[PDB]
$ cat run.txt   # compact mmCIF, C-alpha atoms (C1' of nucleotides)
# COMPACT_ATOMS: atom_id res chain seq x y z
CA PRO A 99 34.71 -130.14 15.66
CA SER A 100 32.59 -133.23 16.33
CA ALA A 101 31.82 -136.50 14.56
CA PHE A 102 29.14 -135.13 12.23
CA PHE A 103 31.26 -131.99 11.83
CA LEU A 104 34.15 -133.95 10.30
CA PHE A 105 31.69 -136.37 8.66
CA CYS A 106 29.37 -134.04 6.70
CA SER A 107 32.20 -132.45 4.67
CA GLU A 108 34.96 -135.09 4.55
CA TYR A 109 32.39 -137.37 2.87
CA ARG A 110 30.53 -134.52 1.15
CA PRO A 111 32.28 -134.90 -2.26
CA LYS A 112 31.39 -138.62 -2.31
CA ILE A 113 27.81 -137.46 -3.03
CA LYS A 114 28.57 -133.99 -4.40
CA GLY A 115 30.17 -135.64 -7.42
CA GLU A 116 26.71 -137.18 -7.84
CA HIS A 117 24.28 -134.75 -6.17
CA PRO A 118 24.53 -131.17 -7.50
CA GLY A 119 22.91 -130.05 -4.24
CA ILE A 122 24.20 -128.53 -1.21
CA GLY A 123 21.65 -130.11 1.10
CA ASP A 124 20.56 -133.24 -0.75
CA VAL A 125 24.16 -134.48 -1.03
CA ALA A 126 24.85 -134.48 2.72
CA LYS A 127 21.22 -135.47 3.39
CA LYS A 128 21.68 -139.22 2.90
CA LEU A 129 25.10 -138.75 4.49
CA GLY A 130 23.20 -137.83 7.64
CA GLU A 131 21.13 -141.00 7.28
CA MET A 132 24.25 -143.15 6.99
CA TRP A 133 25.71 -141.31 10.00
CA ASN A 134 22.51 -142.07 11.93
CA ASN A 135 22.35 -145.76 10.97
CA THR A 136 25.80 -146.33 12.48
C1' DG B 1 -19.06 -89.60 109.43
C1' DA B 2 -20.00 -90.61 104.46
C1' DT B 3 -19.85 -90.00 100.11
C1' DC B 4 -18.37 -87.59 95.95
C1' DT B 5 -15.16 -86.51 92.93
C1' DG B 6 -10.83 -85.72 90.94
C1' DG B 7 -6.11 -87.12 90.11
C1' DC B 8 -2.72 -90.81 89.04
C1' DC B 9 -1.95 -95.59 87.26
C1' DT B 10 -2.02 -98.88 84.36
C1' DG B 11 -4.31 -101.14 80.42
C1' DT B 12 -5.96 -101.63 76.08
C1' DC B 13 -6.13 -99.86 71.41
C1' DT B 14 -4.98 -96.68 67.20
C1' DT B 15 -1.68 -95.34 63.77
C1' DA B 16 2.84 -95.88 62.77
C1' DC B 17 8.69 -97.50 62.67
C1' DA B 18 13.72 -101.47 58.72
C1' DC B 19 12.90 -107.60 52.63
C1' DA B 20 14.47 -106.99 47.99
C1' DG B 21 19.21 -108.21 47.11
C1' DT B 22 23.21 -111.95 47.10
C1' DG B 23 25.51 -115.53 44.52
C1' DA B 24 24.40 -119.78 42.92
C1' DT B 25 21.91 -123.41 40.08
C1' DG B 26 19.20 -125.10 36.10
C1' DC B 27 16.67 -125.69 32.09
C1' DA B 28 14.84 -123.41 27.21
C1' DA B 29 16.22 -120.97 23.34
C1' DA B 30 19.57 -119.51 20.16
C1' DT B 31 23.45 -120.21 17.31
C1' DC B 32 26.62 -122.08 14.94
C1' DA B 33 29.69 -125.07 12.99
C1' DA B 34 30.88 -127.02 8.94
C1' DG B 35 30.25 -128.50 4.63
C1' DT B 36 29.36 -125.95 -1.77
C1' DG B 37 27.21 -124.02 -5.21
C1' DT B 38 23.75 -120.80 -6.06
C1' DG B 39 21.55 -116.03 -6.86
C1' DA B 40 20.46 -111.19 -4.96
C1' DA B 41 21.72 -106.30 -3.66
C1' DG B 42 24.39 -103.19 -4.81
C1' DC B 43 29.19 -101.52 -7.84
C1' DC B 44 30.62 -98.86 -11.43
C1' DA B 45 30.98 -98.54 -16.77
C1' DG B 46 31.18 -92.50 -19.64
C1' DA B 47 27.60 -90.75 -21.30
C1' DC B 48 22.46 -89.88 -21.85
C1' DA B 49 17.45 -88.60 -20.77
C1' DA B 50 12.68 -87.48 -17.49
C1' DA B 51 11.56 -84.74 -12.53
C1' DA B 52 11.95 -81.30 -7.68
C1' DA B 53 13.79 -76.58 -6.16
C1' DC B 54 14.32 -72.15 -7.45
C1' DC B 55 16.12 -67.99 -11.30
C1' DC B 56 14.33 -65.28 -14.50
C1' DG B 57 12.36 -62.76 -18.78
$ encode --input "run.txt" --output "structure tokens"
Amino acid sequence: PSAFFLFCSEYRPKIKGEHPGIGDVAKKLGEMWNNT
DNA sequence: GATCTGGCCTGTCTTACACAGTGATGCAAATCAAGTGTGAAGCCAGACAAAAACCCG
């Protein structure tokens, strides 16, 4: 388990309740993990 | 005597005679680890209907 490991799923529902899909949901989550 | 020649001595020159196998490093490629809802390949439904292999009048 790494940062993105426990960051792609722990914050997954925060976009999965908006994005039905499951790449596009965590996609912008990767961008907000990269910005920081 | 004088020389010839033949035998022995080295002296070079030819082919040959044992290296891939050890443990280590160090990069490139693969995988894999989650996320989450998908569809796809079969599963099996008791019972029914078109073909290969061989019996049969």
$ closest_atom_pairs --input "run.txt" --of "chain B" --to "chain A" --cutoff "7 Å" --atoms "only C-alpha atoms (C1' of nucleotides)" --output "CSV"
residue,atom,partner,partner_atom,distance
B:34,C1',A:103,CA,5.8
B:35,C1',A:107,CA,4.4
B:36,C1',A:122,CA,5.8
B:37,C1',A:122,CA,6.7
$ atom_distance --input "run.txt" --atom1 "atom CA of residue A:134" --atom2 "atom CA of residue A:117"
19.6 Å
$ atom_distance --input "run.txt" --atom1 "atom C1' of residue B:30" --atom2 "atom CA of residue A:129"
25.4 Å
$ atom_distance --input "run.txt" --atom1 "atom CA of residue A:131" --atom2 "atom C1' of residue B:39"
28.7 Å
